[PDB]
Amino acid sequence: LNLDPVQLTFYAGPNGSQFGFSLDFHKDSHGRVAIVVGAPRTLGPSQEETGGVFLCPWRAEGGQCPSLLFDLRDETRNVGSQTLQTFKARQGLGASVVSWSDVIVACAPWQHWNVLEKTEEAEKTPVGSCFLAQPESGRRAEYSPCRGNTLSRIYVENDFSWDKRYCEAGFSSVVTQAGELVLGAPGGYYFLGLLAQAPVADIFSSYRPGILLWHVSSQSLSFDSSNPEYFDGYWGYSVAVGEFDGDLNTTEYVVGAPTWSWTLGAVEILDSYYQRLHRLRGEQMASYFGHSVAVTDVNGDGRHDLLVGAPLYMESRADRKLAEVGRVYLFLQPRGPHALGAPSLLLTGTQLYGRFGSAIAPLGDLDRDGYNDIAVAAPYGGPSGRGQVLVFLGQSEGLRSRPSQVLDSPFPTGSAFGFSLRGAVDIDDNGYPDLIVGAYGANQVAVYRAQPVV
């Protein structure tokens, strides 16, 4: 309703860097809000693309941002009669970023790895890696849970069980309130997908540079399966956290698996031991149900609700024709231990190929009426096809079915405006929570400031 679409703030990265692919708000130890931005095609030292991360201080006028520097050099370690190898070319550093406390986590999901032993090897594969930074202190750490030192032959001989070589750890990421990093790794276990969790404190305290393979003992990874419903499911394509079992001393995980069960798609709600509490199935195959997931209480009863995006959902139209427009599904959490039911509300896109539901961002309470609100991206939506973000306000029965406000991309065609979104943080300290929108195709981020309702 009350985001200001007249006076925006723009931040810009280098041409071709894909600045804005991922973003998040970052509070320093003093509570000053900045914006961390991922730019996964930023050029590294060898003029190869490796990705980069930027830490943008808040300024109404916007502009350019300083880099948050991470080590971009390939590494080699000869140890235990093996040669360990990291490969950072085209790794996509900044394909995800998330901030928690005064720490920033930025991931390179396509970072490759190999282990050589005489004439054999593990195979050069995208295990992914995450980089952690405490900007104020300069501390750095890394987390790469899928790295191994098993040779190719052993997986073949063991029928490719526990195969974490193609994890792409960090493809999605989220941090629990208590400071546990949870990474989505959609290539895990031969493309089933997995989640890897470890406390941030333990990641820092257990990392040392140059070791490359090291134990984070407090970590927990999800499990492999022989159920072909899970095969090529990309479980971990998206991830979120919330409270869904009623016990406030446990955090639950929400995991998107957009190609689950032969491309039907699913989202699952799990406890922290990776035991499934609920499963929501997609409605239409190939719709990519689970592409995006969001958790927020939209109806003011104190119980978290779930929003799921299916950006390629084809709506039924006249004369038995289908139109790809995208769809968002709201599931309100009921009282007690019961199942999440049928969706409470279906929101559906209007512009063909708009990909409505590609990103869904909790906004907090934008209009300050007591109910939390959301923003849904259609990165190729709008009448012009340039991209749109739609705001939906919460209310006692869920969300309103018609948007309160629509933000048309200020960038040219192809910008992917809305592909990344973050809200619920007041960046200018005016008492209303604001929205940041990435447009990686234009290498820019737009900040929308919330203002008093008119």
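Numbering starts at 1 and runs along the sequence shown.
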Looking at the deposited entry, does 207 to 215 or 173 to 181 carry the larger mean Cα B-factor? 207 to 215
Averaging the C-alpha temperature factors as deposited, the higher value of 143 to 151 versus 72 to 80 falls on 72 to 80
Just grab whichever of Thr125, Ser344, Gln284, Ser292 has the top CA B-factor as deposited. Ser344
Out of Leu43, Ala39, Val389, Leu421, highest CA B-factor residue: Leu43
Compare the C-alpha B factor of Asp426 with those of the other modelled residues in its chain, then answer lowest, middle or highest third. middle
Could you say whether, by C-alpha temperature factor, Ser96 belongs to the lowest, middle or highest third of its chain? lowest
Going by the CA temperature factor in the PDB record, which third of the chain does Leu221 belong to: lowest, middle or highest? highest
Chain third (lowest, middle, highest) by recorded CA B-factor, residue given as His112: middle
Of the three thirds of Cα B-factor ranks in this chain, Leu1 occupies the middle
